[PDB]
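Here is the structure we will look at.
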Amino acid sequence: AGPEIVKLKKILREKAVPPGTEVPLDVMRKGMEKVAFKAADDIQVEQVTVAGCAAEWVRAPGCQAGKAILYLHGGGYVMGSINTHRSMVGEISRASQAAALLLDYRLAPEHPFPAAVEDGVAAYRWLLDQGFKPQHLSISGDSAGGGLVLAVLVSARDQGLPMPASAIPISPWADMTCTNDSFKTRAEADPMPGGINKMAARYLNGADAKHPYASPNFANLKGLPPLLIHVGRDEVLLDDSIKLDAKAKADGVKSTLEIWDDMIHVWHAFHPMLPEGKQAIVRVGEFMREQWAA
């Protein structure tokens, strides 16, 4: 275990609010903004509006003409923003040599399920309409956002939309039931959750937690593009990625599950201090480029 992940796990354990104190949503949202990493000075950003949502084109240097990534941020379907993800998305854009469309999709509880999925699908549609070819496209996201990558793909497929060249969910939350064994077995190692149940409750607002667009681990994934699934060994969401990979394989989809030793939830986000975060970002990008060369 690198000295950085040890130092980071310690820092995160010190920061965390104790088991089952209830942090108000607006407090959680402000907290996340306030501690957001600043994107590198060479990331260029352009504000756009897409599907009635704020968005930024986020462009590292080296980006190729005609390529784009639809990026779906994490935050449990209740928090997160363009601002909280711009740093990490800039790096992914760097690694992939493609611009990213970073979407401020609708959040719960103000906009419950399925609003987020409507927004991702419509953004994908908007990309297609702008003239990006599906083979020049990828979709990626982290956490809630990683589940939403999959939900958008299934929904788009159902609506006759063509599939992109790849999708890359990062530590996806693909099952709203939160019944997976790893919530028990990986809980001590995972410094990043009745908290997550409140998030599901707020997003679902009474909807079936097994609805395929909420919980794509229960979805028919037949026809989906090649997948890279990144997940940390030390996270409560491990089984989400493992079962996602199973479902994908069974449904005929090319899937690559990478379980990173010692890593925590969306460890990519800590790329400034974590060499493994930088490495996993580079890997994300190489895979997008592999699939665009195919």
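We name chains A, B, ... following the order of the structure tokens; residues begin at 1 in each chain, and ligands are numbered from 1 as shown.
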*asked:* So that I can check the secondary structure, give me every residue of region 78-151 of chain A assigned helix (DSSP H, G or I) by backbone DSSP, as number ranges by chain.
replied: A: 82-96, 115-130, 134-136, 144-151
Produce a file of the selected residues containing N, CA and C atoms, as a compact mmCIF listing (two decimals), in the first residue's frame.
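Full text of out-v4.txt as output:
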```txt
# COMPACT_ATOMS: atom_id res chain seq x y z
N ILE A 82 -20.90 20.62 -12.07
CA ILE A 82 -19.79 20.82 -13.00
C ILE A 82 -18.54 21.15 -12.20
N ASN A 83 -18.69 22.07 -11.25
CA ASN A 83 -17.54 22.53 -10.43
C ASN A 83 -16.86 21.39 -9.65
N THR A 84 -17.62 20.49 -9.03
CA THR A 84 -16.98 19.45 -8.19
C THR A 84 -16.23 18.43 -9.06
N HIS A 85 -16.56 18.34 -10.36
CA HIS A 85 -15.92 17.31 -11.17
C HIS A 85 -14.95 17.82 -12.25
N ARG A 86 -14.85 19.15 -12.38
CA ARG A 86 -14.09 19.73 -13.50
C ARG A 86 -12.61 19.29 -13.46
N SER A 87 -12.03 19.20 -12.26
CA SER A 87 -10.62 18.79 -12.21
C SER A 87 -10.40 17.39 -12.80
N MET A 88 -11.10 16.41 -12.25
CA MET A 88 -10.91 15.03 -12.63
C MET A 88 -11.31 14.84 -14.11
N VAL A 89 -12.36 15.52 -14.55
CA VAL A 89 -12.81 15.39 -15.93
C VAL A 89 -11.77 15.99 -16.89
N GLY A 90 -11.14 17.07 -16.48
CA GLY A 90 -10.04 17.66 -17.27
C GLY A 90 -8.92 16.66 -17.50
N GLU A 91 -8.56 15.93 -16.45
CA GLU A 91 -7.54 14.87 -16.56
C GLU A 91 -7.94 13.71 -17.48
N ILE A 92 -9.20 13.32 -17.43
CA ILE A 92 -9.71 12.27 -18.28
C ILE A 92 -9.65 12.73 -19.74
N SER A 93 -10.03 13.99 -19.96
CA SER A 93 -9.91 14.58 -21.26
C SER A 93 -8.43 14.57 -21.75
N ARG A 94 -7.51 14.93 -20.85
CA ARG A 94 -6.07 14.82 -21.08
C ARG A 94 -5.66 13.42 -21.52
N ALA A 95 -6.06 12.42 -20.74
CA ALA A 95 -5.68 11.01 -20.98
C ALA A 95 -6.29 10.45 -22.25
N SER A 96 -7.46 10.95 -22.60
CA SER A 96 -8.21 10.38 -23.73
C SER A 96 -8.05 11.13 -25.05
N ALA A 115 -35.36 11.88 -13.67
CA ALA A 115 -34.97 13.14 -14.31
C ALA A 115 -33.52 13.08 -14.78
N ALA A 116 -32.64 12.55 -13.92
CA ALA A 116 -31.22 12.42 -14.27
C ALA A 116 -31.03 11.63 -15.55
N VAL A 117 -31.82 10.58 -15.71
CA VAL A 117 -31.69 9.66 -16.86
C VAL A 117 -32.24 10.38 -18.12
N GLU A 118 -33.36 11.08 -17.94
CA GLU A 118 -33.87 11.90 -19.05
C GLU A 118 -32.82 12.86 -19.55
N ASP A 119 -32.14 13.52 -18.63
CA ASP A 119 -31.13 14.51 -18.95
C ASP A 119 -29.90 13.90 -19.64
N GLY A 120 -29.39 12.78 -19.13
CA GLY A 120 -28.27 12.09 -19.82
C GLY A 120 -28.62 11.60 -21.23
N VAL A 121 -29.80 11.05 -21.38
CA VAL A 121 -30.20 10.58 -22.69
C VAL A 121 -30.36 11.75 -23.67
N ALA A 122 -30.92 12.85 -23.18
CA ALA A 122 -31.15 13.95 -24.03
C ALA A 122 -29.83 14.59 -24.42
N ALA A 123 -28.87 14.61 -23.50
CA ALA A 123 -27.52 15.10 -23.80
C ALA A 123 -26.81 14.24 -24.84
N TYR A 124 -26.96 12.92 -24.71
CA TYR A 124 -26.41 12.01 -25.71
C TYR A 124 -27.08 12.31 -27.07
N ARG A 125 -28.40 12.36 -27.10
CA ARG A 125 -29.11 12.83 -28.31
C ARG A 125 -28.52 14.15 -28.89
N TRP A 126 -28.31 15.13 -28.01
CA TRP A 126 -27.78 16.45 -28.38
C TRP A 126 -26.39 16.34 -28.99
N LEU A 127 -25.57 15.44 -28.47
CA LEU A 127 -24.28 15.15 -29.10
C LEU A 127 -24.36 14.60 -30.52
N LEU A 128 -25.20 13.59 -30.67
CA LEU A 128 -25.53 12.99 -31.96
C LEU A 128 -26.02 14.06 -32.93
N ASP A 129 -27.03 14.84 -32.53
CA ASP A 129 -27.49 15.97 -33.34
C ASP A 129 -26.45 17.05 -33.71
N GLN A 130 -25.42 17.22 -32.88
CA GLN A 130 -24.36 18.21 -33.13
C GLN A 130 -23.46 17.70 -34.24
N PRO A 134 -21.56 8.15 -33.50
CA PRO A 134 -21.54 7.33 -32.29
C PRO A 134 -20.17 6.63 -32.06
N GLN A 135 -19.50 6.22 -33.14
CA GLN A 135 -18.18 5.59 -33.05
C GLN A 135 -17.08 6.54 -32.60
N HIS A 136 -17.40 7.84 -32.55
CA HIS A 136 -16.44 8.83 -32.05
C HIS A 136 -16.83 9.31 -30.65
N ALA A 144 -22.68 7.50 -8.38
CA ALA A 144 -24.06 7.63 -8.93
C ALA A 144 -23.96 7.80 -10.43
N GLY A 145 -22.99 8.64 -10.84
CA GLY A 145 -22.75 8.93 -12.25
C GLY A 145 -22.37 7.71 -13.08
N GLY A 146 -21.68 6.75 -12.46
CA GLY A 146 -21.29 5.48 -13.14
C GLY A 146 -22.50 4.59 -13.39
N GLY A 147 -23.42 4.52 -12.42
CA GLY A 147 -24.71 3.82 -12.65
C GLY A 147 -25.45 4.54 -13.78
N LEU A 148 -25.46 5.88 -13.71
CA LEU A 148 -26.18 6.65 -14.72
C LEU A 148 -25.62 6.44 -16.13
N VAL A 149 -24.31 6.23 -16.28
CA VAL A 149 -23.75 5.83 -17.61
C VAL A 149 -24.54 4.65 -18.16
N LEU A 150 -24.80 3.69 -17.28
CA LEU A 150 -25.39 2.42 -17.73
C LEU A 150 -26.86 2.66 -18.00
N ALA A 151 -27.52 3.41 -17.11
CA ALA A 151 -28.97 3.69 -17.27
C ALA A 151 -29.22 4.45 -18.60
```
Based on DSSP run over this structure's backbone, return all residues of region 131-220 of chain A in strand (DSSP E or B), as an mmCIF file with N, CA and C atoms, in the first residue's frame.
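Result written to result-v2.cif:
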```cif
data_model
loop_
_atom_site.group_PDB
_atom_site.id
_atom_site.type_symbol
_atom_site.label_atom_id
_atom_site.label_comp_id
_atom_site.auth_asym_id
_atom_site.auth_seq_id
_atom_site.Cartn_x
_atom_site.Cartn_y
_atom_site.Cartn_z
ATOM 1 N N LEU A 137 -17.747 8.567 -30.030
ATOM 2 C CA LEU A 137 -18.276 8.923 -28.726
ATOM 3 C C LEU A 137 -17.911 7.931 -27.614
ATOM 4 N N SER A 138 -17.872 8.422 -26.383
ATOM 5 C CA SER A 138 -17.775 7.576 -25.184
ATOM 6 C C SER A 138 -18.624 8.196 -24.062
ATOM 7 N N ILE A 139 -18.974 7.403 -23.069
ATOM 8 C CA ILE A 139 -19.766 7.917 -21.959
ATOM 9 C C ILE A 139 -19.028 7.435 -20.732
ATOM 10 N N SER A 140 -18.865 8.302 -19.746
ATOM 11 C CA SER A 140 -18.126 7.902 -18.549
ATOM 12 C C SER A 140 -18.785 8.640 -17.375
ATOM 13 N N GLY A 141 -18.653 8.081 -16.183
ATOM 14 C CA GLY A 141 -19.076 8.752 -14.966
ATOM 15 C C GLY A 141 -18.608 7.975 -13.747
ATOM 16 N N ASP A 142 -18.735 8.620 -12.589
ATOM 17 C CA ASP A 142 -18.280 8.064 -11.340
ATOM 18 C C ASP A 142 -19.433 7.949 -10.372
ATOM 19 N N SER A 166 -17.547 3.210 -26.548
ATOM 20 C CA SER A 166 -17.233 2.609 -25.243
ATOM 21 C C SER A 166 -18.012 3.311 -24.120
ATOM 22 N N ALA A 167 -18.035 2.688 -22.945
ATOM 23 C CA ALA A 167 -18.537 3.337 -21.741
ATOM 24 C C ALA A 167 -17.635 2.945 -20.602
ATOM 25 N N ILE A 168 -17.397 3.898 -19.698
ATOM 26 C CA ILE A 168 -16.468 3.670 -18.577
ATOM 27 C C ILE A 168 -17.049 4.181 -17.273
ATOM 28 N N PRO A 169 -17.822 3.321 -16.589
ATOM 29 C CA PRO A 169 -18.283 3.660 -15.239
ATOM 30 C C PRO A 169 -17.146 3.541 -14.183
ATOM 31 N N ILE A 170 -17.037 4.549 -13.329
ATOM 32 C CA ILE A 170 -16.017 4.543 -12.257
ATOM 33 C C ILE A 170 -16.691 4.382 -10.893
#
```
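Restricting the calculation to only C-alpha atoms, the smallest distance between residue 248 (chain A) and any of A:114, A:216, A:52, A:164 is found for A:216.
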*For residue 292 (chain A), the nearest of the candidates A:81, A:245, A:186, A:67, counting only C-alpha atoms*: A:67
_Taking only C-alpha atoms into account, name the residue in A:163, A:43, A:263, A:72 that is nearest to residue 226 (chain A)._
A:163
*Name all residues at most 12 Å from residue 30 (chain A) (count only C-alpha atoms; drop same-chain ones fewer than 4 positions away) and give them as a PyMOL selection string.*
chain A and resi 23-26+34-36+75+78-81+83-84
_Within 10 Å of residue 157 (chain A) using only C-alpha atoms, minus same-chain residues under 2 positions, as a count of residues only_ = 15
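When CA of residue 98 (chain A) is paired with CA of residue 41 (chain A), their separation reads 17.3 Å.
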